[PDB]
Every structure is written in C-alpha cells, then in structure tokens.
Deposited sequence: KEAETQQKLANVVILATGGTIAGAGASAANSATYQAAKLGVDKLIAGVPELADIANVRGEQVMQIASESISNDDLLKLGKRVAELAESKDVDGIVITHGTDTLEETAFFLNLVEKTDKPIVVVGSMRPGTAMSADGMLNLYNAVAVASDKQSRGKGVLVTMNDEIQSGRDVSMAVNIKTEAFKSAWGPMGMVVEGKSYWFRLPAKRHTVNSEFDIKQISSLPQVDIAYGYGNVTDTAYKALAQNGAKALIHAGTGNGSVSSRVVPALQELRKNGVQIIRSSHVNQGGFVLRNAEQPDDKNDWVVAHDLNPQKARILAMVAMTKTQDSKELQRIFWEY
C-alpha cells in the first residue's frame, strides 16, 4: 500500500485528521497521513502562500516515507496552484489537487468521492511522471490546462484539450498523455525559487482605456497579462501605453478571455516581434500569470519567455 500525504489548505472541501477519519474507505487504498499547510479561502491566496505550499510539497516529494501527495484546495484558484506545482515540482511522484463544489454537510456533497479518487490516483503507478493532476467529477485532468469553467455544478473543471482519463471505483483509465513540459522535465525548480516577481492582469473590452495597465505597472507589475478580446486583440487606445511600458522593461503577454478553445497566435492581431511582446498561446490569463511569474525567476528575455509559453 502506497504512503500518501494529504496537504490541507482550505476550500469548501473542509481539521485534516477529521477530514481523513470522515472517509474510512481511504485506509483500504493507501496508508494516509494528513498535514494542515494553511487554512485559507483560495480566492484570497497570496504569492507567499503559494511558495510555502510549493516548498512543503518539495520536502515531502524528497521523503522516502512518501509515495504520493494530495492537496485539498478551494476551487477558485485550484487551477493556478495546480499549474504552479506542475512547473516547479521536479519529481515524478504523483501530485493531485482536489476540491469540492459543495460543503461536506450539504445534500449530495461531492468532496468525499473526490478525496477518495485523489488518493486512489496519488497511489496509482499509472500516475507517475504524468505531471500534476486534478481529480474531480470522476475525471483525471491535466493541472496545466484544467480551469474552473462552470459555476455551481460538480463538473466545474474543464480543459480545452479534454480530460486525460477517468477514475472510477478507485481505478484509473487513461486515454491521453500530456504533450507539454512538466515536473521532472521542467527547467524550473521550487528548490532554487524563494520569491516570485509581481505579475498582474488587465481586462480588454469595449471602450477600455490604458488606466489599469499603467496603474498596475506604477504599483510594481514586472509583467502584465493582457486578457484581450478575440485573438489577444489590443485597443488602439491601449497600444501606445503597452509600448511605453515594454520600453520601461515591463513584459507584455497577450492572453484572451476566449477560454473554451483555440489559442493566441503570435503576430496575428498585433506586431509582437516589432513591439517585443509575448503571446500566451492557449493559456487563460490566470494561468499565463503563473507561467510568467515562474519564467521571470529565470529570464527577462522576451524571446526566451515566448519559448517558455510555447513549451509549458
């Protein structure tokens, strides 16, 4: 039986010793122990909190008493945390992040079976080397590109590229493998990362002005994620500010709020080569912010950052 550690951080899914005893079936599939890393509403997570989790995961992944890791998380920023760990945890021990749409007290609460599934997946040989996984709604989803896409409903977490597998009666069924760099094959490592650069997001829409972009740069943004309309499109009213910001050294990364499929193509809506800007590829704005913040611990070259947005 695999040794699995549950790291509790908070969220609608939640005292971690109670949490575990509340699912006695876990003892059947793994030797489980729990730790409370933090106790937060995930919409209120800070970069300090994400680093603390990254570090504690890394200490446990190096432990020989540890075969797999489950992180219980609020839904709101689950996808951010999952992508972060996918970039910085250089381990091929399974890492699973899991949450719930309903509290354990509610009628037909989803957390119990989610937590069982997460433990089952974290204890499975098939999970090794696959990168960070999310196990809600009987699905095995990639930590890279899974997002909270539907509110209220238990099927909240979706990817444009589909689920990789399913978990049913504690067994894993795989249909797809990841194509993007992660974990063991990442050039980033939480062991060398003690801090993260400031990165912020501004939204594009009808009649948008340069105000948010300038303010976020004035208050410390080292990169801005542009959550554009369409294919990362930028208002003629905002282009001149982004050019001035890039000249002051702020990276300009074009994402979009067009999140169900496709990607943002370099040089299509804007002259990225000429302006020395970066396209976020298929990554939504929150995900683009996590990859930018991790990438900028290593490089400030816009051409290297574009390679990173195309490989991870």
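- Taking the first deposited residue as 1, the stretches without any C-alpha atom are 1-8, 23-39.
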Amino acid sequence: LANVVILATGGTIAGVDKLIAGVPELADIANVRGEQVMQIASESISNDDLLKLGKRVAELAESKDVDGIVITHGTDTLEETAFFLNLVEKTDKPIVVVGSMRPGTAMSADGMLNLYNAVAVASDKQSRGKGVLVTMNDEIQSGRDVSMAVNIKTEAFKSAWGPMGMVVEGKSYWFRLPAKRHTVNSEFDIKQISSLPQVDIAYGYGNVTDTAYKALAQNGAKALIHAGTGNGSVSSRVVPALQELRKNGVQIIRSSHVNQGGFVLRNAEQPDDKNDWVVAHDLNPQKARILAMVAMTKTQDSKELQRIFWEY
From here on, numbers count along this sequence of modelled residues.
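- When the mean C-alpha temperature factors of 281-289 and 41-49 are read from the deposited coordinates, 41-49 comes out higher.
- Higher mean CA temperature factor, per the PDB entry, when comparing 234-242 with 77-85: 234-242.
- Residues shown: 254, 257, 266, 274. Highest C-alpha temperature factor in the entry: 274.
- Within the selection 200, 92, 110, 155, the deposited Cα B-factor values reach their highest point at 92.
- The PDB entry assigns residue 179 a C-alpha temperature factor belonging to the middle third of its chain's modelled residues.
- Residue 210: CA B factor lies in the middle third for its chain, per the PDB record.
- Residue 217: CA B factor lies in the middle third for its chain, per the PDB record.
- Among all modelled residues in its chain, residue 105 ranks in the highest third by Cα B-factor.
- Ranked against the other modelled residues of its chain, the C-alpha B-factor of residue 143 as given in the entry falls in the lowest third.
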